[PDB]
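Read on for two forms of one protein chain; each stands alone as C-alpha cells, with the labels structure 1 and structure 2.
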Structure 1
C-alpha cells in the first residue's frame, strides 16, 4: 500500500540487511562500473543495492520485486540469476577480472585512488610488493604512510577502538576549547560496528575567529609532542559565509579539516607492537553551520546524494555541507538541528541509524 520512494532520504535503512546476497552482487557490479568510469551504470547499480538494503523482508521470487523502484530490466536479470542458484554469474566474472582485482588491491592503500591504481595497472603491476620495491616509482607523503601502516589501516576500526579514539579527541579538544562540542560522525554515528576511519565534527558557540582556526593546530601539536601523530594534513578553511550556490562543484567541503593517522595505544582500548594506526578525520565548522556539517558528515554517501537530488528535483532547493538555498523564495534557510533541515525540505525526519542507504 505504502509506495517505496526512489530517494534514499525518503527511506529508513537500518543495518539489518535481509537481501545481502543481492546487494553484495550489485555493490560489486557498481564498483566495476566506477572503475570503468561508467558513472550512469555505476549509479544505477548503487541505487538498486540501496533500495534492497531498505526492505524489511528478503526477496525470494521475482513477484517480490513488483513496485520496488530503481530495479530496471538489467537489475531484475541479476536478481533472477541469484534466485536461480544462489550466485551471480555477472558479479563472479567481475571478482575474477584482473582489472577489478588490481583496482581493489591498489586503492586499499591510503593515498592511492582510481587514477594512480589505473596507472599502476597499465604499467603492468599486479602486487603491492612489486610496487613498493620498484626503483622508478615515486610515492606521495600520503602513499608512504599508506604503505608503512598498511596492515593496521586495511583492518577496519571496531567500536571499542572508535570509542577509545573519541575519548582521545574529546579530551584533547576540550583542553584547548572547553566549550567545544565534539560529535563523532560517519558510519559509527549511524550505528556501524566497523569503519575505515573515525570522523568527528568540532564546533564552538563562543570561540573567536582565531580560536576556531587554531584548535586543530593546537590539538595536533599536542599529539605530535606525545609521538601519537603518524600522519597529519590540515586543510585550511575556504568557507565563505555568503558564497553563491553552484551545481557544478568538486568533492570536499570548504570547512577547515584534517586527515590524520593516530597511534592508538592498546591500553586505551576497552574490548603485538602494543598499538594500532587509525585513520581519523576532524572537521571544524562555524557554530551557525553545525547542523549542515553534521548532516553532510553523518552520511551514508547514498543518503547524502539523494538528499541533494531530492532538494534539487523536488523542492528547487540547493543543499550542501554548509547551507540550504531556496531558489524560488531566493533565501538561504537557517537550521540549528538536522530536524530543522529535514523540515525545510518537507521530509520526515530520518534518524542517523536509519541513514545506512
Structure 2
C-alpha cells in the first residue's frame, strides 16, 4: 500500500504521469499566488504521489488505492483522461494575474509582494518594467535584470560541474580539509536547474575559521572579477536549541546567494566563443558545523515535498523533531547524532531513500 508520505516512497525522474502532474503543479502554484494554502497543499500531495508511480494512469480505475487523491483532484485527472488536457490548468495559464506573477518572479530579486505591486500598477511586461523612469529597483533586482537571459536559461550538468570545480578550488585555498558537496536537484539526478547549491563543512576548522570562509572565498572571486552578485547571510545557528516545529523549517546556517561569471573555457560539454564567452550562474553556498553535516545535507538535497513529508512523518509518526540542524527525540528527551543520511533514516525508522529517489 502506497504511503501518504513522500519519505516512504521512491520517486525517480522517469515520471510516467507528467500530463497529470504538470497540471496539478500549475493548480498548486496558482493556489499559492491566491494565498489558498489548503488547496495548494492538497494539489502538491496529489502531484507528489502520482510522480512516484511506476506506470501511467490511463483510466480512473488505475487511481484505486492511491492516497492523497481527493474528489477535486480526481475530477482533474478525469478531465485529462477525457481529451489529454486539463481545462482547469489551461484557464490558470491564460489568467492575467497568474501570467504576470510567473513572468515577474522569474527575475532574481522579485518575489510575491513586488510582483503583486507591479501588477496593480498596470505592468504586464518586463520591457515596460525595466524601461520605466519612476520605478526604483533593489540591488538584487538590478542584477536580476542585467543577467536575466543567462539566469532564465537552464544550468546544465557540464555547467554545474564547472561551478563545482570553481567552488572546490576557492574553498581548499583557505580550508584544505573542507568537504564540498553539490546538493539540490543535481544531487537528485536532474539534468538541469535554475541554480547550483553546495554544502561546505570542515572537520578541523575553528568557529571563527568556519565564519570567515564564505567571506574569503567571495573576496577571492571579487578580485578575479567573477563575483557578479553577493549576499552573505550570517549564521543564527544555536547549538543547543530544539529543532523547528514549523511545517516549512528555516535554515539558520551561514549562507550566501551569488551570481558567478562562468567562462565558457571552464565548461567541458558537447558544444565546446558564440557570444560574450561567459554565462551568469546563480550559486548558493552553505557552511555548517562538522557534526551537523548529515542534517544539513539531508535538508539541502530536497526535494521540497520530500523535506516537508520527512518533517511531518518525524512529528506525527515518531514524536521526533527534525530540521536542517538536528534531530530531537521527545520521548527519549535526547538529541540523536548522525554521521550520514542513512543514520538519520535509521533513527526515524525509515528505509533509506537514495538522493535520486527523493524527486517527490
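Take the two forms, superpose them, and find the largest set of C-alpha atoms that agree within 1.5 Å; that set is the rigid core. Only residues modelled in both forms are compared. Numbering follows the first chain given and starts at 1.
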Position that moves between structures 1 and 2 after core superposition, taken from 154, 167, 252, 193, with Cα shift of 2 Å or more: 252
Rigid-core-superposed Cα shift at residue 133 between structures 1 and 2, Å: 1.6
Consecutive-residue runs (3+) with Cα displacement of 2 Å or more between structures 1 and 2, core aligned: 244 to 246, 248 to 252
